[PDB]
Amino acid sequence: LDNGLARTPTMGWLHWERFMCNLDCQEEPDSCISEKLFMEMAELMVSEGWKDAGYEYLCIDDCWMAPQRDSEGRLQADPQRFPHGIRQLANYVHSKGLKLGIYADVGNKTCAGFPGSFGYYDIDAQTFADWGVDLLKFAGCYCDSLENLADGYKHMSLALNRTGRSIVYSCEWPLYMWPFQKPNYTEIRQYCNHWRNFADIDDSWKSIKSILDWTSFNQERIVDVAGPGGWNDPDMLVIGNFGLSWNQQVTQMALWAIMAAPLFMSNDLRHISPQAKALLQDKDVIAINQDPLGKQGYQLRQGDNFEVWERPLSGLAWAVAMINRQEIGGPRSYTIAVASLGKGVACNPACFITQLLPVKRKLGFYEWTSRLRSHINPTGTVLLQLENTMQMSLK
């Protein structure tokens, strides 16, 4: 979407995976979907270095709305969970140097059953803009046809544009066309800053594998369409929660960087381990994700339960991820000819290789004809950055 936004993948925090649709503030006030939850996350995004690392969008997902629209046909924030309203929340978030995301649905209801935006696109867009909303995640539940789906996504895009406010537009458009209708990504990209292609992530390694396998399976269709202003969205980072081993967390962080994915954490910033914090704030890995060239990576090869992915970067550099998909045994040796990497230009005549994950380590100079040996933990990933030696010497 040509709105000057998402020139690199959007980074922030989104409540959904970790907090879901918890409406019980009586029994669980510290985990219910409430203004207090978001104000606390906003404070910690500043104080715990998240904003500094690049995470700037504090985003509300489903279940913020009151059951009905007001007498002027406007969406309402829930009166008891958001008693001070969205505007005051937006002001609070802005005072921290952060941006606010909100959620709506193209159909008659949100996925959780609250008011949908169909028939109210213009009113809702103007409502969000006036509040100072900076991002909209627009979901595709409760839509009677694919024609109405597409039209609704386009209408809301134009309506947001007409407000004159810069608002990141995140769409679930192509997801709802799966598996029989092939999305027109040229069209989707014209209207959206990012788009969900695949089913919801959850707190499991199985879901991460499924997203990676569906991405690589469809990579010819989707990789080249991504770029500054329009990204493939493989869903939230779930690092720091309950269902992932350390190696699986490393794999998600590495691969979301390779995929030029928007980076929306869904976790509890009040209760997150130092290790998970350090991984999510990894300066070098975020720099790969945020690479200005904005070319999405891809799976180069797979076999013997190993996967090699790579991403072209600015300065003729490359990021390379090697995944051990064998879920038994110990750290497993993997050897690759560097000549196979980066279309055969990355290490011609030579490259300098730095390992970034699971630990940072300068590996040295590798000539065009040489081989690279790594040991990779089961379900883990080794992430490397390759610099072509001619680029290095030249200023």
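Quick note: we count residues from 1 along the sequence shown, nothing fancier.
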item	value
Per the entry, higher mean C-alpha B factor between 170 to 178 and 259 to 267	170 to 178
Segment of higher mean CA temperature factor, 202 to 210 or 301 to 309	301 to 309
Given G116, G101, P183, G243, the residue at which the Cα B factor reaches its maximum	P183
Highest-ranked of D130, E72, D235, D105 once sorted by CA temperature factor in the record	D130
Ranked against its chain, the third holding the CA B-factor of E147	highest
For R196, the third of its chain into which the C-alpha B factor falls	middle
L384 - which third its CA temperature factor falls in, relative to the rest of the chain	lowest
For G330, the third of its chain into which the C-alpha B factor falls	middle
Chain thirds of CA B-factor: placement of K109	highest
